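Spelled out from the first residue to the last, the chains are:
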Amino acid sequence: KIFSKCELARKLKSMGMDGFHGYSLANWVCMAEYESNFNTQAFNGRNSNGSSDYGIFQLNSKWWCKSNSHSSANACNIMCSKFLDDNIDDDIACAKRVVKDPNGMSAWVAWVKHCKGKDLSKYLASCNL
């Protein structure tokens, strides 16, 4: 599924993300835009390592989930394969956990590159939320 910005924004808002760990809704939606272009099937292989990044939040299989050929820490206790599904509840539960690490949202490189430096005050202004 490719979400639209505002549709993603509604889903994340409904699931307690707005302000989650000090990160505003706009920040979370911007991270998804730049990580995966809002696509639940996004998949980015080998990479820097061996590992891969899965789903709308491009969660890596060395740290966050378990994959086929690439063994894992599995901090989200889940098979990477679930993050390629259309439903994003698992992905959200895992992103909630990722951001709890010391690097915060800087775990997501595309957020650091495309969001962190930006004025996002108007990013969700077209949205009916």
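## Describing the overall build of the protein chain
Counting its secondary structure elements, the protein chain contains 4 helices and 3 strands. Listed by position from the N terminus, the elements making up the protein chain come as α-α-β-β-β-α-α. Against the compact-globule benchmark of 14 Å for 129 residues, the protein chain has a radius of gyration of 14 Å, which places it among compact chains. C-alpha extents for the protein chain along the principal axes are approximately 45 × 30 × 20 Å. Scored against the burial criterion, the 129 residues of the protein chain give a buried share of 44%. Accessible surface, the protein chain: about 6600 Å² in total, of which carbon and sulfur atoms supply 46%. Here the protein chain contributes 16 positively and 12 negatively charged side chains, and the mean placements of these two sets differ by 3 Å.

## A short note on unusual backbone geometry
Looking along the chain, the bond that leaves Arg46 and enters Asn47 is cis, with omega of 10°. Position of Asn47 among the secondary structure elements: in the loop between β1 (43-44) and β2 (53-54). For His21, which is not a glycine, the phi torsion comes out positive at approximately 60°. Within the fold, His21 resides in the loop between α1 (5-14) and α2 (25-36). Under the relative-accessibility criterion, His21 is labelled partly exposed at 48%. The phi torsion at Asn47 lies on the positive side, around 130°, for a residue other than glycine.

## Some details on the side chain of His70
By secondary structure assignment, the location of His70 is in the loop between β3 (59-60) and α3 (89-98). Among the polar contacts listed, one links the side chain of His70 to the side chain of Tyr54, at a separation of 3.5 Å. Within the local environment of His70, its side chain forms a polar contact with the side chain of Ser67, the two groups lying 3.3 Å apart. Other than its neighbours up to four places away in sequence, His70 contacts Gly50, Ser51, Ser52, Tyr54 and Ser61.

## Here we look at the UniProt feature "binding site: Ca(2+)" in the protein chain
The feature "binding site: Ca(2+)", as annotated in UniProt, sits at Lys82, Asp85, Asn87, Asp90 and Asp91 in this numbering. With respect to the element layout, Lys82 can be found in the loop between β3 and α3. A residue is classified by how much of its surface remains accessible, and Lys82, at 41% relative accessible area, is partly exposed. Discounting chain neighbours no more than four positions away, the residues touching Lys82 are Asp90 and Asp91.

## Topic: the state of the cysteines
By the definition in use, this model includes 4 disulfides. Disulfide pairing places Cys30 opposite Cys115 at an S-S distance of 2.1 Å. The disulfide joining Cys30 to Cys115 has a torsion of about -90° about its S-S bond and is therefore left-handed. Taken together, the residues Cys30 in helix α2 and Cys115 in the segment after α4 (109-114) connect sequence positions 85 residues apart. The exposure class of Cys115 is buried, given its relative accessible area of 1%. Across a sulfur-sulfur distance of 2.0 Å, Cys76 and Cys94 are joined as a disulfide pair. Taking the torsion about the sulfur-sulfur bond, which here is approximately 80°, the covalent link between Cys76 and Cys94 counts as right-handed.

Definitions and cut-offs
Residues numbered from 1 in each chain as written, not as in the entry; some residues may be left out. Heavy atoms only, no water. Helix = DSSP H or I, 4+ residues; strand = E, 2+ residues; numbered from the N terminus. Rg over C-alpha atoms; globule rule 2.2 N^0.38 Å. Buried < 20%, exposed > 50% of the residue type's maximum accessible area, 1.4 Å probe, protein only. Areas by Shrake-Rupley, 256 points an atom, 1.4 Å probe, with all protein chains shown as cover. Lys, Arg positive; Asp, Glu negative; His and termini not counted. Charge placed at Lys NZ, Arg CZ, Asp CG, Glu CD. Polar contact = N/O pair within 3.5 Å; in protein donor to acceptor, adjacent residues only side chain to side chain. Contact = heavy atoms within 4.5 Å. UniProt positions renumbered as here; feature names shortened; annotations may be inferred. Disulfide = S-S within 2.5 Å.

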